[PDB]
Each structure stands twice: as C-alpha cells, then as structure tokens.
Peer 1: 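The structure under discussion is supplied below as structure tokens; questions concerning it will follow.
Chain identifiers are assigned alphabetically (A, B, ...) following the order of the sequence lines, protein sequences preceding nucleic acid strands; residue numbering begins at 1 within each chain. Note that these values count all heavy atoms, side chains included, but never hydrogens, waters or copies made by symmetry.
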Amino acid sequence: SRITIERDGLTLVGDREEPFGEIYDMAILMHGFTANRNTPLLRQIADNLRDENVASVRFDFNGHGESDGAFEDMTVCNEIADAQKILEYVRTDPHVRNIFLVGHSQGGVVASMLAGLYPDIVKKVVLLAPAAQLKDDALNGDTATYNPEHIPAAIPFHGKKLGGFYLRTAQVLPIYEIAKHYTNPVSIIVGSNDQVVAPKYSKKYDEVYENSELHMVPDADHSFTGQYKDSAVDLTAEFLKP
Amino acid sequence: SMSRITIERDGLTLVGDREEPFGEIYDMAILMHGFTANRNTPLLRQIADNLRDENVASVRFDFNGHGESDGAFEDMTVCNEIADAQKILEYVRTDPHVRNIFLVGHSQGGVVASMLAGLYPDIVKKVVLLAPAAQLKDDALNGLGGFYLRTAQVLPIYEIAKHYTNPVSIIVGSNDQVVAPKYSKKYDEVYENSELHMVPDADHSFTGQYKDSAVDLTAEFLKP
C-alpha cells in the first residue's frame, strides 16, 4: 500500500508491499534517473520478493514521480539523503528484521553509497546495472555535451532541466571509495548489451567489494526490458531469499 | 543599508541578513557560521560592517537547523549545508549588483566554504577561512544526528577543496583548543595559491581583541 515520508520539507511518495506475517525482512527499492517507483522492473521485484516473504519499499526520489522537489534541484547527494530517510523509517518499523538495498542504474549508485555509509545496518545489497559512469560523464561534458570547467545553472534535456549542481557534485563523487566500506554480500546484475553503462563500472564494483558476485544477463539492455526483467528479478530474489 | 532576506532549499526556508554599501555595483561575500552558532555572532556581525565600509557587500544565513532557519539540528549534515550555501550562491550569482563573489567561513562553515569553492572555482574569486574545522572528519572517525557522523567520516575535504586555485587566506588563532592548528597548515599546503595568518593567543571563536584582529586580516584580504 501507499506511504509518504518527509525529507527537509519535501514529501516522498512510495509503495509498501508486505508478505503474510508479523515479522519479515525488508528491501528498499531504488529507481534510476528520470524513472519512478513504478517501473516494471521494480514492481516485479516487489511482487516476487513478497512471494518469498520479503517486504519491500520503493519511493519516488525527490524531483521524480509523485514526490516533491523540482527535477533540477536533485543531486545524487540529496537522493542519498532521500534514501537515508527511507532507511530510517524502515529501521524503526517493528516488523522489519533484516534490511536489504536494491538499486537500478543511478539508484544502484545511491544504494551502493548508502551501503558504504551504513555497512552495519544493511545486510545484503543488489546492484542492477549501477550507473557509476555518471561521474565520468560529468567530468567529460556528455551525460548532449557542455563545458565541464564552466557548467551552467541547468542544461536542457526533454523539458526536465538538469541542475548544474548535480553535474559539479557528480564530478567529485567518491562512489567506489564510500562503497568499499561495505563488506556484507553484494550481488551485481548487468546486461550483456547495456549501451548506457559500460562493463568496466560493474566489473569495478566486483573487484572493490570484498563480498560480491557479478552476474551477467545475456543480451539484456540497460533497463532489463521485457523478458530480460525475469532474469534480473530471478537473480535478485535468489540473492534475497530468507 | 541592511536587509532581511529569505531563501528556499528543498522546501526549507533559510533566513539571512543582507548588508550593502550604498551604490548599484559592488563585490559581495557569503559569510558562514560554525556548528551550534548562527548568522549574527559578534564576529560575523563585525566582518559584515568592516566589509560594508570597504564597498564589500555581504549576506549571512542561518544554516538549516540553526538560528532562525528551518529544519532540525539532527537532520543537519555537512552535505546539506553545502546545499544551503549553494542555494545562497545561486542567489548571489543572480544579482546584477554583484561584481565578484567571495566566501568566508568560520570553523565548520569554513569546511563548507572550502568545499563550496572547490565545486565553484570558476565563480568564487576569493576565500577566507577562519579556523576551518577540517578536524570534524577525524573526530568522527575516532569517536547531532547519526547521518551527520557517517558522512563526516568520508568527507573528501581537501580533495574537493584543492580544485580551488584562486587566492585563499586562512586565519587561525594560535591557542585554538577546538581544532588543532595542524588543519590550517594542510589547507595552506594543498592550496596552490594561499596564505596562512596565525593570530597569537586567539581562541577558536576569535573573541575580544582577537575578533578585531581576525576581522582586520579578513577585511584587508577582501579589500579592493
């Protein structure tokens, strides 16, 4: 069912899904850039988790979906703050037992960074085509292009203006630095035909994590479109089966 | 003239004091306080006036969870205070009355200023750091919200800060018992264009006569 939480005066909208029972593990499900908390990928994860007794939360990040905040005011850092506030509401739920994180694309960056900040609280992590390229995209100019040494107050996209503060913080994000601090198990799932995030980024998480595995879905794209969604849902509920 | 201005940041209202010299065009300094303080301590209130009298305008805001500004102190982090200062920077950036933008930060607001300049080294033209609390990172690593402490342990203070290569002045009191003087020296060393000014016998808050010496050194660096 439907829940809301506040972070710095903005409201975040999410959906909560529960299995039969008073106590259960709980996964926090994080989407990617310009996406929402109702992509097919995340809902099928929420349904399949529920069938193996894993509750789950999935929220619209600030500036996305039904949550508050202009798109051009989002950064990966206030998204990390969004996730800290979902983590805390989950952490105070008397029905939650263990806490898992599940992020796709830019949400996988968020998940891995919250995990390195909370390595003692988060017991398993699933990164789904995590988008660490965004730091290298910000440093280069193309994410079309711009000038990475004089970045404007916003760069036009599809109507949703991308804030210049996202880019400047994207360039200096300590993505792998913070994530290596998490030594509990990590499953990384990537598609063999992902044209959005090159292989190196996932292969780099696998080599930096101390307790990780890197699955590859043949022929799968960045989004895990259609049939590819099943192989990514299967792997993710595999990893999280209690 | 002096003004009260408000500002929004993710739906939280931040509360500031704008002080200007009489004219249509001038430089301006953003002045940021430290943890537990507010925009209107004697030291920041003094730097504002001395600057007003050098044709250097100034705004000073209460950080989120501080003074009059919105938000709880437990929800404060060094990252959301950067995001406060960024919103103020955008504000200042968008005044046709502003020529050059300087940053000034005491204690924790000095870490914030060093990090906002490291992100905006094309826009920020001059920085003055008074007793920068870069030690908060090492305090958090050895042993106020839990989120403040978890991010403080992994803050890349010097590594962002160093991308700023315009002139920066670092003024510490020599008898600081809050932040080791060792943190003002790593700043002056990693900065490609900086200067160290130690005020003998001054404490971390630069009180009494030491406030006057701190605002002299501050104002004479930002002086045009």
Peer 1: For this output row, return yes or no: ring centroids of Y187(B) and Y191(B) closer than 6.0 angstrom.
Peer 2: yes
Peer 1: For a quick check under 3.5 Å, do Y89(A) and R16(A) share a side-chain donor-acceptor pair by atom type?
Peer 2: yes
Peer 1: Considering only heavy atoms, which portion of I151(A) lies under 4.5 Å from any heavy atom of chain B: side chain, backbone, both, or neither?
Peer 2: backbone
Peer 1: Under 4.5 Å heavy-atom distance to chain A, tell me which part of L119(B) shows up: side chain, backbone, both or neither.
Peer 2: both
Peer 1: Within the 3.5 Å criterion, strictly below it, is a donor on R91(A) or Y118(A) matched to an acceptor on the partner's side chain?
Peer 2: no
Peer 1: Is it the case that the side chains of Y182(A) and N211(A) hold a donor-acceptor pair, with the cut-off being a distance below 3.5 Å and no angle test?
Peer 2: no
Peer 1: Chain A contacts: which residues in residues 144-159 of chain B have a non-hydrogen atom closer than 4.5 Å to it?
Peer 2: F147(B), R150(B), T151(B), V154(B), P156(B)
Peer 1: Do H31(A) and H64(A) make the cut of ring centroids closer than 6.0 angstrom?
Peer 2: yes
Peer 1: What part of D8(A) is in contact with chain B, defined as an atom under 4.5 angstrom from a non-hydrogen atom: side chain, backbone, both or neither?
Peer 2: both
Peer 1: Return yes if a side-chain donor-acceptor contact under 3.5 Å exists between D68(A) and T11(A), otherwise no.
Peer 2: yes
Peer 1: So for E149(A), is it side chain, backbone, both, or neither that comes closer than 4.5 Å to the heavy atoms of chain B?
Peer 2: both
Peer 1: Hey, are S169(B) and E195(B) close enough side-chain-wise for a donor-acceptor pair under 3.5 Å?
Peer 2: yes
Peer 1: Does one side chain, of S212(A) or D206(A), offer a donor that lies under 3.5 Å from an acceptor on the other?
Peer 2: yes
